[PDB]
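Asker: What follows is a protein structure lacking sequence information:
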Ligand SMILES: Nc1ncnc2c1ncn2[C@@H]1O[C@H](COP(=O)(O)OP(=O)(O)OP(O)(O)=S)[C@@H](O)[C@H]1O
Ligand SMILES: [Mg+2]
């Protein structure tokens, strides 16, 4: 049901994600005859045989947390992005301004509201080195 | 002994090259609001400024900026002799250099923004 009534333009060098069956699975387009890219037709044949291979050392996983896994707190997530995204994405450009950044943020709420989730998602979606300290 | 000996007071006029004196001291030295005086300080170093007038100034003191104060190797409470210098000479070539710890974020042009 993935390619049916889809006409998905694929290309050699793409990894796509299929959900269903209480499981998310990642496939990689290894070889196509119309290189590099082609639209999947009903004329196509898909040879899904072969052994599963490992991950390239630089390909990040879609199992880890991004902004999509967070729901219900759009305003606070936008406020944290406005606080933190500019001193991380542009370090040296902000260094030459003369403006002090924030240097400590305190998240609070009832237990179970997803604070570790928000911290890890803002960590991974900016490329910053994330160190964890547990009390 | 001499009426030109003065003690440093704080700065009110926020211009760098402006010193200030009181009214009867300037009337005793016969100056004007557009003159050019010279200040002698410690470690055989001097500074040239533009003298103006001030009514809130005290009797035997002088008001100057922290820039002029640090260019004379002088702190608050020291002594300075003032002398007139009518040698009005126009410059021809000015060669200046920036300091590295204050330019470590900026590059390229400095003449049009800062000095112009
Ligand atoms: N806003 C949310 N969106 C999506 N999943 C959430 C959200 N809040 C909680 N969850 C889920 O519930 C789990 C618990 O989140 P936690 O980060 O443990 O919350 P918490 O604030 O850390 O609770 P404590 O005080 O640390 S025990 C998460 O790992 C998610 O699976
Ligand atoms: Mg937690």
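Answerer: Yep, that arrived. Residues are numbered from 1 along each chain as shown, chains lettered A, B, ... in the order given. Ligands and ions are numbered 1, 2, ... in the order given.

Asker: From here on, just use CA atoms for contacts and neighbour counts.
Answerer: OK.

Asker: which SSE is whichever residue of chain B sits closest to chain A in?
Answerer: Closest approach of chain B to chain A (C-alpha to the nearest C-alpha) occurs at residue B:105, with a separation of 4.5 Å. Secondary structure assignment for residue B:105, by DSSP states H and E: no helix or strand.

Asker: Now for the residue lying closest to it once chain neighbours are set aside: which residues touch it?
Answerer: Distances taken as C-alpha to C-alpha, 6 or more residues apart in numbering or on different chains place residue A:96 nearest to residue B:105, at 4.5 Å, with adjacent residues excluded. Neighbour list for residue A:96: B:104-106 [criterion: C-alpha atoms under 8 Å, 6 or more residues apart in numbering or on different chains].

Asker: Which of those residues ranks first by neighbour count?
Answerer: Tallying neighbours with other C-alpha atoms under 10 Å in any protein chain shown puts residue B:105 at the head of the contacts of residue A:96, with 14 neighbours.

Asker: Just give the nearest non-adjacent residue to the residue nearest to the spatial centre of chain B, would you?
Answerer: Residue closest to the mean C-alpha point of chain B, counted by C-alpha atoms, centre = their mean, is residue B:49 at 4.0 Å. Leaving aside its sequence neighbours, residue B:49 sits nearest to residue B:17 (C-alpha to C-alpha, 6+ apart; 5.1 Å).

Asker: from memory the one you found sits against residue B:50, does it?
Answerer: Yes: between residue B:17 and residue B:50 there is a contact at 6.2 Å, judged by C-alpha atoms under 8 Å.

Asker: Get me the contact residues on chain B for ligand 1.
Answerer: Contact residues, chain B versus ligand 1 (C-alpha under 6 Å from any ligand atom): none.

Asker: in chain B, which spans are strands?
Answerer: Secondary structure of chain B (DSSP state E): strands at B:5-9, B:18-21, B:37-40, B:46-48, B:50-53, B:61-63, B:79-84.

Asker: can you map out the helices along chain B?
Answerer: Taking DSSP state H as the criterion, chain B carries its helices at B:23-29, B:66-70.

Asker: Mean neighbour count for those - can I get that in CSV?
Answerer: Shown next, in CSV, are the helices of chain B (neighbours: other C-alpha atoms under 10 Å in any protein chain shown):
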stretch, mean neighbour count
helix B:23-29, 14
helix B:66-70, 15
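
Asker: list the contacts for residue B:45?
Answerer: If you count contacts by C-alpha under 8 Å, 6+ apart, then residue B:45 has B:71-73 around it.
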